[PDB]
Amino acid sequence: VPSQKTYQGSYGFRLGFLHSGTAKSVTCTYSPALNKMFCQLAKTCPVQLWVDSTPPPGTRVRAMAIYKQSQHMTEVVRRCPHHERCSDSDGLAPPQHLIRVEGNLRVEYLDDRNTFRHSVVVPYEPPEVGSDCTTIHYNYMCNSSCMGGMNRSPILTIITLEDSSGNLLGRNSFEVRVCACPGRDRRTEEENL
Ligand SMILES: [As]
Ligand SMILES: [Zn+2]
């Protein structure tokens, strides 16, 4: 099971999010209280990368999903039988992968040869001039448990910064729920606090 320990490392790596609120028209919203993102299926999901020093060119950023619940944590997170079979290919992402990146032609997808786990990687790019952070647009393509089934575990996204040789530079994470009405579900989960 991949590590989920937060690790800022030598470049001072951490994540930032937009403050989008919970209006009905919102397609993507982050709960600071829950450290949890609520997303419509396949909609743009901005995640910000913040560093204290700029990692070198060739640095890469990987996203991997795991199941939070102990009884399901060794299971590979992948799309349910419905979403796997959807004609929603962008010609890059394998159809089983839950997490995609949009708007990046250098995106790379991995089926791990040893663990079988899926991940998606892009090149780390520094903030543009006069910007304080780098944004990656994720798309989540399934909530895993869309059709039911034993596994109702929350899903955690782990974001790792790695160098061009695969050395871990930094790590962070957030929970994610893909749903039709993200604003409503955020409000409801926060009420349960
Ligand atoms: As989102
Ligand atoms: Zn699904």
# chains A, B, ... in the order shown; residues from 1 in each chain; ligands from 1
$ residues_near_ligand --ligand "ligand 1" --cutoff "12 Å" --atoms "only C-alpha atoms and all ligand atoms" --output "ChimeraX atom specification"
/A:17-22,26-31,36-48,99-101,136-143,157,174-183,186
$ closest_atom_pairs --of "chain A" --to "ligand 2" --cutoff "8 Å" --atoms "only C-alpha atoms and all ligand atoms" --output "CSV"
residue,atom,partner,partner_atom_place_in_ligand_line,distance
A:79,CA,ligand 2,1 (Zn),5.3
A:80,CA,ligand 2,1 (Zn),4.2
A:81,CA,ligand 2,1 (Zn),6.9
A:82,CA,ligand 2,1 (Zn),5.8
A:83,CA,ligand 2,1 (Zn),4.6
A:84,CA,ligand 2,1 (Zn),7.3
A:141,CA,ligand 2,1 (Zn),7.1
A:142,CA,ligand 2,1 (Zn),3.8
A:143,CA,ligand 2,1 (Zn),5.2
A:144,CA,ligand 2,1 (Zn),4.8
A:145,CA,ligand 2,1 (Zn),6.2
A:146,CA,ligand 2,1 (Zn),4.5
A:147,CA,ligand 2,1 (Zn),6.7
$ residues_around --residues "residue 10 in chain A" --least-positions-apart "6" --cutoff "9 Å" --atoms "only C-alpha atoms" --output "JSON, numbers by chain"
{"A": [52, 53, 169, 170]}
$ closest_residue --among "A:77, A:64, A:49, A:122" --to "residue 102 in chain A" --atoms "only C-alpha atoms"
A:122
$ atom_distance --atom1 "CA of residue 23 in chain A" --atom2 "CA of residue 185 in chain A"
11.0 Å
